[PDB]
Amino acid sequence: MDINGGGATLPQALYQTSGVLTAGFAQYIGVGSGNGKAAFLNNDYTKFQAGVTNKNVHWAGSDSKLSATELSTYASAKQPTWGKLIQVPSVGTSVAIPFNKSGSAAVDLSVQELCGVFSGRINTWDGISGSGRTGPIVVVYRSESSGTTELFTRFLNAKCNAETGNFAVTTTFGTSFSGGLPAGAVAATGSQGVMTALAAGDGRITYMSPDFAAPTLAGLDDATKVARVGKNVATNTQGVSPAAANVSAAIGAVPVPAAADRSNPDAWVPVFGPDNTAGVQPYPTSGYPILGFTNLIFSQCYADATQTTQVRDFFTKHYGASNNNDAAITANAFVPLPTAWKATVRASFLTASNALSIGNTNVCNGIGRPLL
């Protein structure tokens, strides 16, 4: 039986790049982070392929963290027979703001203008300073439980203090803002489904994976199509683009998971959040401001020996010092993890003597996610 994974659409083109997933891995299935988490946690392959029940789920991609309830339920129901789950960052990512509104002038949103567009306070292109554009704004958002939504609403939660209401951190944008969606907002499903909808009417704007936000990497720098973020007119300061190079310094400054906490999967996924708040990283003051991590969710243990080996071999590649996936990571508009981050992941999840290591012959002795 092949190893089956799926989930988050934000990075699905990375996991679909030839050679990124190693031997024994079936091609990755992009369904959204909420579906990916449910697939793994319940061993429910129908969350990957509706109507198909003759396969097991071995791993998920997610840009939404496992919640307290998700973690505790798995620990009590599954961990005794299947082993601990593993949650680890895969790559860093910006969150881009593509839009469909023609004109040669650059669209460069201040953070407060971004807040106002997504709250519905600013609902005309006239209301974005220096835009060269007029007429109505329609916001497009993700209908389903989305990790892109979680990454984006972390930023709005941290920055948007001057609305007639508050943005909550969530996977469902339709409930994020306490004052409701903007009038006329359009729901769509998946990263690609949102990009399709962006084009189905004039004057639309959204939040998006930096891969799907432009057909080519250079397109992220085209401010006629992908907004700059960070304008401040009063200081004569321009915003910048969501190109990976504009978030890579900040991703590199994120500390490794705290040693004494490494048995807690929540400790492994860094999140950005409000200033001067322990436990979250502040959004960066330089470069492009909207960023975070997309993650992997695996089991420590698999009943089958070959599958255990194949999962280890994937980690050996994805977190390797050499012969790794970093070139493919960059090609899909993402940020590779620092060399010290990779070493920390390997020390816990690969190195055999570690209590957390995949296939550990003592900890996994007799246990693991089932073959049949």
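When you see a residue number, it is the position in the sequence shown, counting from 1.
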Original post:
Averaged over C-alpha atoms, is the B-factor higher for 8 to 16 or for 360 to 368 in this PDB entry?
Top reply: 360 to 368
Subject >> Stretch exceeding the other in mean C-alpha B-factor - 275 to 283, 89 to 97 >> reply: 275 to 283
Original post:
Taking the values straight from the PDB record, which of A333, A303, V31, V311 has the highest C-alpha temperature factor?
Top reply: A303
**OP:** Tell me which of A183, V247, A259, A213 tops the list for C-alpha B factor in the record.
**Re:** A183
Original post:
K55's Cα B-factor: lowest, middle or highest third of the chain?
Top reply: highest
Original post:
Where does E150 sit by CA temperature factor within its chain: lowest, middle or highest third?
Top reply: lowest
Subject >> Position of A340 among the chain's modelled residues by C-alpha B-factor, lowest, middle or highest third >> reply: highest
Original post:
Ranked by Cα temperature factor within the chain, is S64 in the lowest third, the middle third or the highest third?
Top reply: lowest
Original post:
How does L291 rank on Cα B-factor within its chain, lowest, middle or highest third?
Top reply: lowest
